[PDB]
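Input: a single structure, listed below in structure tokens.
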Amino acid sequence: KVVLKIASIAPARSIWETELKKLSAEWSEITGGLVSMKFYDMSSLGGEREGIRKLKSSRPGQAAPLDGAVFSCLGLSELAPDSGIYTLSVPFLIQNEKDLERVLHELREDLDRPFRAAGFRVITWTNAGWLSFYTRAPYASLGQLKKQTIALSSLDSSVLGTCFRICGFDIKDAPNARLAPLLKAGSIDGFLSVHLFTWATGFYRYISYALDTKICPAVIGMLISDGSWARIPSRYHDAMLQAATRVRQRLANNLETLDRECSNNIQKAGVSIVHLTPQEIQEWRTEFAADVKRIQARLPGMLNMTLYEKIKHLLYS
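Under PDB author numbering, read the sequence shown as residues 9 to 325, first letter to last.
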């Protein structure tokens, strides 16, 4: 048998984990019982940077502890430096599920290129959610929002936060931060997070406004090293990758349902949904375009400008 050991950031019993287990079972079907995946909690083995180290063996001729991993942009960006994967986090570049799917479908070869060059096959792309601003107070312009002190607690908060700070937002790095007393005390003005966070933490109760225009997705990539993928007979590869694409599509479907649910529940609890008109979105994007030039200057390599232009053309032509 070929049991592929896969480190994963997917929480136990989460939709991502459920679908990845289905993918394993389907891979077993496809391969006549030969191949399966066993998943290992990423945090429990030491985090994403440790996961990267465990993809390589300690001595030549010896198998690496892991065959692959499901990484956030933290792991992806450190595995392949100057990948440009943070291009996908540019504010307002990718705003909805239809458009993210179009990018992940049409620009797959471009997205995968730096990972292939690093010695990995990208099995599937998925998404952890959509970053949005949740605030105690409203804002009359993007600049006014940028002046608010906003906590970010994503898995990749440090780098993502640095990007947003260059854009001009007063983002306060806040890993596992216990925001409730801080929101209540007024030490911070709000938070930037995916939907589930706002609901599961209960922090929605301590803010009054939620921006419905999504800032960016939080993409996730599942990678298998070339040597581990090569353990699988080639005749099965295409079917296995097609099954992994269906995982992306089912997950996006399930995530969208969960997100709308969350948003409905936040609104029922009294949070006001902030709705930007197309003219206001354009005003925001014109400013974000200037922020992109500042990111290019301040953090060369962070953005892949060829990919950026391709995404703009694909979605907005």
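Note that beta-carbon positions come from the ideal geometry of N, C-alpha and C, so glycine has one too.
Opening and closing residue of the beta strand (DSSP E) in which residue i lies
i, result
"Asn135", "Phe128 to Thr143"
"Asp181", "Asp178 to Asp181"
"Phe79", "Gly76 to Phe79"
"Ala218", "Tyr217 to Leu219"
"residue 6", "With the chain covering 9 to 325 only, the question about residue 6 has no answer from this structure."
"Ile93", "Element bounds for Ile93: n/a, residue is neither H nor E."
"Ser195", "Looking at the DSSP string, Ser195 is not in any beta strand (DSSP E), and its letter there is neither H nor E."
Range of the contiguous alpha helix (DSSP H) that encloses residue i
i, result
"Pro122", "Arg116 to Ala125"
"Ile319", "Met313 to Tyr324"
"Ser236", "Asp234 to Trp237"
"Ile14", "From DSSP, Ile14 is part of no alpha helix (DSSP H) but of the beta strand (DSSP E) over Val10 to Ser16."
"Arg21", "Looking at the DSSP string, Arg21 is not in any alpha helix (DSSP H), and its letter there is neither H nor E."
"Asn184", "Unbroken run through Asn184: none, as it is neither H nor E."
"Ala251", "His245 to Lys276"
Close-in-space but distant-in-sequence residues of the same chain around residue i (CB under 6 Å, 5 per side omitted)
i, result
"residue 327", "Past the boundaries of the shown model lies residue 327; the chain is included only from 9 to 325, so the question cannot be answered."
"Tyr244", "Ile38 and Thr39"
"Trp237", "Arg129"
"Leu219", "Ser140, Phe141 and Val282"
"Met230", "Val78, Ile131 and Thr132"
Three-state secondary structure (DSSP) of residue i
i, result
"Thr209", "coil"
"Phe100", "coil"
"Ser162", "coil"
"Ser52", "helix"
"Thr170", "helix"
"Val227", "strand"
"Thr157", "strand"
"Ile281", "strand"
"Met45", "strand"
"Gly309", "coil"
"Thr39", "coil"
"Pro286", "helix"
"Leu82", "helix"
Residue from the options whose Cα sits closest to the Cα of residue i
i, options, result
"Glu105", "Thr265, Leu315, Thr157 and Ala71", "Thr265"
"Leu163", "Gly229, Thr206, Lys64 and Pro183", "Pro183"
"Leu153", "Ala125, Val282, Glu34 and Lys192", "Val282"
"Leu263", "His203, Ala71 and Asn272", "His203"
"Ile131", "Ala20, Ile196, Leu307 and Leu12", "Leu12"
"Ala208", "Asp267, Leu63 and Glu25", "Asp267"
"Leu322", "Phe177, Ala125, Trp133 and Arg110", "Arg110"
"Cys270", "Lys320, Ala33, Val300 and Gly210", "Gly210"
"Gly194", "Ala145, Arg239, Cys171 and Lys320", "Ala145"
"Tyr48", "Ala18, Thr221, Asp234 and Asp178", "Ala18"
"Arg239", "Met45, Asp197, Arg21 and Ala33", "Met45"
"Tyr217", "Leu190, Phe172 and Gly278", "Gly278"
Residue i vs residue j beta-carbon contact at 8 Å
i, j, result
"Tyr147", "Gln156", "yes"
"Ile232", "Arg116", "no"
"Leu82", "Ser91", "no"
"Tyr94", "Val167", "yes"
"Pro225", "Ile102", "yes"
"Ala15", "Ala77", "yes"
"residue 326", "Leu31", "Outside the shown range of the chain, which is 9 to 325, sits residue 326, and nothing can be said about it."
"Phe123", "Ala159", "no"
"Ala305", "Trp35", "no"
"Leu311", "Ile319", "no"
Neighbourhood of residue i by C-beta distance below 7 Å, restricted to the same chain and skipping five residues each side
i, result
"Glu27", "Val255, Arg258 and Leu259"
"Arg57", "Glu86"
"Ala71", "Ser65"
"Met50", "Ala15, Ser16, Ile17, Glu56 and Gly59"
Close-in-space but distant-in-sequence residues of the same chain around residue i (CB under 8 Å, 5 per side omitted)
i, result
"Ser161", "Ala182, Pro183, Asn184, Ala185, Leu187, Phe199, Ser201 and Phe205"
Neighbour flag for residue i against chain E, beta carbons, 8 Å
i, result
"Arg67", "Chain labels in this structure do not include chain E; a single protein chain is all it has."
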